[PDB]
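Below, chains carry the letters A, B, ... as their sequence lines are ordered, and counting in each starts from 1.
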Amino acid sequence: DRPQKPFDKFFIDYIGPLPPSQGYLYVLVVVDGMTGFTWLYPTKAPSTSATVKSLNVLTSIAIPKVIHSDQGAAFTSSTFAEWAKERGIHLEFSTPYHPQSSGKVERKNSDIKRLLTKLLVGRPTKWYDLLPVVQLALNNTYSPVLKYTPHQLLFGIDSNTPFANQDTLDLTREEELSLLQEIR
Amino acid sequence: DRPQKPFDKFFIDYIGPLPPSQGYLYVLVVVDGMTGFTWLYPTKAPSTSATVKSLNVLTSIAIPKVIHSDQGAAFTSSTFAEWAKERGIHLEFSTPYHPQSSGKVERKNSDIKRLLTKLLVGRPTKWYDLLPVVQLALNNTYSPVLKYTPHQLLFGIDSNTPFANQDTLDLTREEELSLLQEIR
Amino acid sequence: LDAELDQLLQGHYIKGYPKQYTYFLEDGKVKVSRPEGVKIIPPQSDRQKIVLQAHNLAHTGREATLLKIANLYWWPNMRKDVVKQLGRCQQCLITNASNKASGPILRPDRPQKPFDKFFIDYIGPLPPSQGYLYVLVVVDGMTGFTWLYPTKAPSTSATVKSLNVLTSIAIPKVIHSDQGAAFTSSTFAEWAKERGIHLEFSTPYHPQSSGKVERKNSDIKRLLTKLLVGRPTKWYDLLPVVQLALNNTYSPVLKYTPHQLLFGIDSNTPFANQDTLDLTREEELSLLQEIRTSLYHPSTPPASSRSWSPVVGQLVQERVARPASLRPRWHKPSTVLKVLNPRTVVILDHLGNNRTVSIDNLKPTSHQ
Amino acid sequence: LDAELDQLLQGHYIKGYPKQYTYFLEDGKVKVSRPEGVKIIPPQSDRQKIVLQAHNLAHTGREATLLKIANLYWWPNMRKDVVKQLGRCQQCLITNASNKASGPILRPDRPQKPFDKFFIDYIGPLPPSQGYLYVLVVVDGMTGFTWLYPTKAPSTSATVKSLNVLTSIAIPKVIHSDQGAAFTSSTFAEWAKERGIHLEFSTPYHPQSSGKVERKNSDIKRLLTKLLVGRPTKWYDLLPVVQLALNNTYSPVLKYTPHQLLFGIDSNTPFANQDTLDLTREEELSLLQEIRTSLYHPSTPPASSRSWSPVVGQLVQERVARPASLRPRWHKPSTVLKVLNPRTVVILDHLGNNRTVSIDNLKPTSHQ
DNA sequence: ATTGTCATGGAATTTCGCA
DNA sequence: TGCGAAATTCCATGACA
DNA sequence: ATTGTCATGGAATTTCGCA
DNA sequence: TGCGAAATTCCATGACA
Ligand SMILES: CCN1C[C@H](C)n2c(c(O)c3c(=O)n(Cc4ccc(F)c(Cl)c4)nc(C(=O)NC)c32)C1=O
Ligand SMILES: CCN1C[C@H](C)n2c(c(O)c3c(=O)n(Cc4ccc(F)c(Cl)c4)nc(C(=O)NC)c32)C1=O
Ligand SMILES: [Mg+2]
Ligand SMILES: [Mg+2]
Ligand SMILES: [Mg+2]
Ligand SMILES: [Mg+2]
Ligand SMILES: [Mg+2]
Ligand SMILES: [Mg+2]
Ligand SMILES: [N+]
Ligand SMILES: [N+]
Ligand SMILES: [Zn+2]
Ligand SMILES: [Zn+2]
């Protein structure tokens, strides 16, 4: 078996509904398997159409050999299958109710959710503008298991935005009580 | 005394009134002394203004050392004198009632009058358009006294319109009887 | 194809497939072990489609198409197959730039006499002055002597009016012009024929051909500019001054002014040359004829190292004159009928018309 | 003057007036008998006015001004007096063309790393497509990897929106651009400062300076053209395809694609290179660092025989950027303050501002 | 305070296949 | 140890408003 | 069936003035 | 038969939409 590489497998999934931001409600999350690199796309819905429109942007930069998802409707549609086939992408689904990625991807997806939650409290509506900085953070976050960030693994260089301040990522006592009050 | 040259002396004079042609009534006649070359300019009047406007065209091509005329009002005006002085042209007048040029100029001026008269009968009103061809004729007409046409003397070459048909220049019996009827 | 590749698998030698390499089967595909790695040998019947796919990714030329192909495949003489497709891609042929220079310019003989040949052209639109917008420029080929005429439009009617005033002085044998509408109209042709003048047109969109008058245009604008510095651009009243100014300016290479070359003596203008004061007009015209024939003539410069030269039957492409945004800069290929001279050709254009064209508006079609 | 000319008439020797010629009086004017004929020697106090009159006939340069003067006059060192006036004629200095080439171009070092330096520029206006009219082009200096963004205008706001999407991937140290309004606005400066990006501007009207992105513009238009042959120019939907197509095209001199230089491995695109299949990512990134440093670098070409080079304190003139009809093509003279490099200078402009300018938009003022 | 670039296809040169 | 041809490299040309 | 040109000012080369 | 400097010639550069 040949060693794992960038673009071998992209792991994709939706997050939301979220509080509306510039009319967007969901985030399409794409994580490269080997590097742990994350791309984020704001959508208006978890539809095949929004997925195709988003991935058309990503795949005009790099095309994965395999896309992996759970069995969301948007990913199991025959439209999404026609799209993947046109582009020579093999689609891969985890069995229903039982999502599998890899340790790396599972952890990264955990961070994304946790990092989003942290920033949407206080400004639940400004997350659209924050997407770029969330991505830089995620992508310049050191990997305990490998010695490198996703950036370094994808490009083979240090980044110009090193995030030396590995943050709490936990909710402070303020953020806890005013998050239980935002949905109350 | 140095030999005579083109541009040494231009002899100028007016012809008219004539039957209106494109609203013109007179012809300013300019003959180079040495070559016998003729330039013609249609004017609306024998004024200093029309003279200046016409000679401004000629003198944007070549400037005479001396202009010679009779004592016409247009030529004796102080405006015409200012014009000549500005341009370094010495003005020369023949004594009143007694016009002198040279044999060459006298003959050329005779031809011009005779050639005009011939062409204006039958079409007394189309002479404006005919000016160009009149000039070519005059300027490519052989000089009995010198072996050369004015063209040859001015440019030092044969012309592309040689007028081999030295015409009658006289009025035919038709032209005589219908010229006495045109002013009747 | 599947034929050739069979013989090859059972150790037989086929021409173009070097015997020293081991050719094997794997995943149902003939493979070979090349220094650079293991490549697939597609069957001949597959090869055209592969080249085309590689090429069409970005419509790449020889080497960049090849590099893509060599990633997966090997077969004998791939570049020959690559070049074959490049020569058949209409979009590449009509869009790509040339990389071959024209041959060195011709320096045609100076017309022998004043009035042998006039060169004419319009300058403009200029800023309005007295309601005029253009200048008709007329340059005698032998002397450089120039006539200027303000017009409201670059029209036949305005050209005819101006030339009627000019031809009052003398009739030229030939008038040379570019193919602007004013000069190509049948009205203007009638006017020329009426007076025995032969009209001679530049190849289209090649103002070098009217170089004599084009070069005078520059001096005309240059002098107009200097005179108008710090004033509004009221140029109409200046034309006469410019005409006279230029006709009496020395050309340092010739040591004569266009007025001198035309008349053999200065008129009453400033700093008039006095050298022939003691000659008779006849002696003067004699020296003049001599001056006119001994004028400096430039010769054709060295060719560039990568110039090309038109050959009868060759495929060549005409430059699109006024290409629209995102549209090809070259017409479809056409055929050289006659080579009029090393810098001028007649082509048959696919429509197919005869067109007389400057080599500067042609490139040779690549890849034959 | 009348002083010098007196001594000269009574046979005394004055310096600059060769003793071997006979100097006499006639018509109240000092004359000399020169090989070419008899010329007038004007008094020194007259000479400036003579030169000026000769010069102003047509604003002629050295030799053509001289030839007019030599028609009537002689005095010692006329050309020195001629040149003195040419150097003082504002209209000549600002209107005439240069006849000196710039020194040979610099070939700046390739940025060492992806994201060290971005080059950016607008293309357009193009024909409307989906109501878009422009393209923002962003080119990484090290890799050549390119990003394309359709905009309705070449505006700061559209640039900021596009760069926000791009900088999601990575932040560059420097962004280099020409001085178009979109890039010079304080809004855009704020945006750059906010993110630690240093803005670096080309000298004005010198797109060679943004050559990296300018050159990519060409390929972008070239590919768009080929794809649109025989169809209406609906280019918006093509931008993504073009981006991907170009980022994966080999540069024949480098033997790499911009994608390869950025990632060290092809993604799932056609004819993907498979050479590093058995290396680990770490081995792959190791070979990549090596490739990145060993890339071909062009060197500065030979200077032309008549190039000039800027020197501190020299009078030079800036090219007018968008000269109006019949207006000078050059600004008034100015002074070289600093020589930043042989091709770039700071000048003080008479207003007097400091301006950083390309030598290609300068000529040295003639005649000192 | 900043600075030309690089796809292209014939030609020139080098390497390959075989002896 | 050298041949003929294929492969690769060289590099002027031209276009980026 | 047609085709580059030529003012410009530093540099290069030639000629001049004198011996 | 030769020197230093002035004169002339040479010629690349660039602009004619
Ligand atoms: C419509 C008929 N027509 C065809 C074209 C438009 N054209 C006409 C002109 O008079 C000129 C002109 O003067 N120049 C300026 C120029 C440029 C480079 C040179 F070497 C030289 Cl000697 C002159 N260019 C063009 C032209 O071809 N531009 C692309 C031109 C013309 O009348
Ligand atoms: C207004 C700010 N501004 C200034 C000028 C207008 N500019 C700007 C551009 O992007 C370009 C441009 O792409 N090209 C094309 C070109 C021409 C020759 C070359 F060598 C290369 Cl490398 C590119 N030309 C110009 C220009 O300077 N024309 C006279 C230009 C720009 O944005
Ligand atoms: Mg899901
Ligand atoms: Mg009278
Ligand atoms: Mg024209
Ligand atoms: Mg023109
Ligand atoms: Mg720009
Ligand atoms: Mg640009
Ligand atoms: N010729
Ligand atoms: N550099
Ligand atoms: Zn193609
Ligand atoms: Zn001047």
Given H:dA17, E:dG10, G:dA1, identify the nucleotide with an atom nearest to the side chain of C:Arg306.
E:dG10
Output row for DNA chain E, stems defined as at least 3 consecutive Watson-Crick or G-U pairs under 3.5 Å, is E:4-19 with F:1-16
Test your reading of the model: is there a side-chain donor-acceptor pair from C:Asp360 to the backbone of C:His206, 3.5 Å cut-off?
no
Do D:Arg355 side-chain and E:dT2 base share a donor-acceptor contact under 3.5 Å?
no
Atom pair NZ (C:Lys117) and CD1 (C:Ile175), whose distance is rounded to the nearest 0.5 Å:
11.5 Å
Interatomic distance, D:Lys100 atom NZ to D:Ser366 atom OG [nearest 0.5 angstrom]
6.0 Å
Residue D:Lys221, side-chain heavy atoms: nucleotide from E:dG17, E:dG10, F:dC16 that is nearest
F:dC16
Could you check whether any side-chain N or O of C:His198 sits under 3.5 Å from a backbone N or O of C:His176, counting only pairs where one atom can act as donor and the other as acceptor?
no
Taken to the nearest whole Å, CG/C:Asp178 to P/G:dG4 is 15 Å
Kindly point out which of E:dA11, G:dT8, H:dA6 is positioned nearest to the side chain of C:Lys226?
G:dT8
Quick check: on DNA chain F, is the nucleotide nearest D:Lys255 upstream (toward 5') of the one nearest D:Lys216, or the reverse? Name the residue that is more 5'.
D:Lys255
For C:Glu63, what residues pass the salt bridge (charged side-chain N to carboxylate O under 4.0 Å, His left out) criterion, not counting sequence neighbours?
C:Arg79
Heavy atoms from C-beta onward define the side chain here; which of H:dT13, G:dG4, F:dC16 lies closest to that of C:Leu106?
G:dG4
C:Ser366, nearest nucleotide to its side chain (from G:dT2, E:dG10, E:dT5)
E:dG10
Whole-Å distance, D:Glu214 CD to F:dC16 P, equals 10 Å
Looking only at side-chain N and O atoms, does D:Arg222 come under 4.0 Å of OP1 or OP2 in E:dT8?
yes
base_contact_polar (F:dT9 base, C:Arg79 side chain, donor-acceptor, <3.5 Å)
no
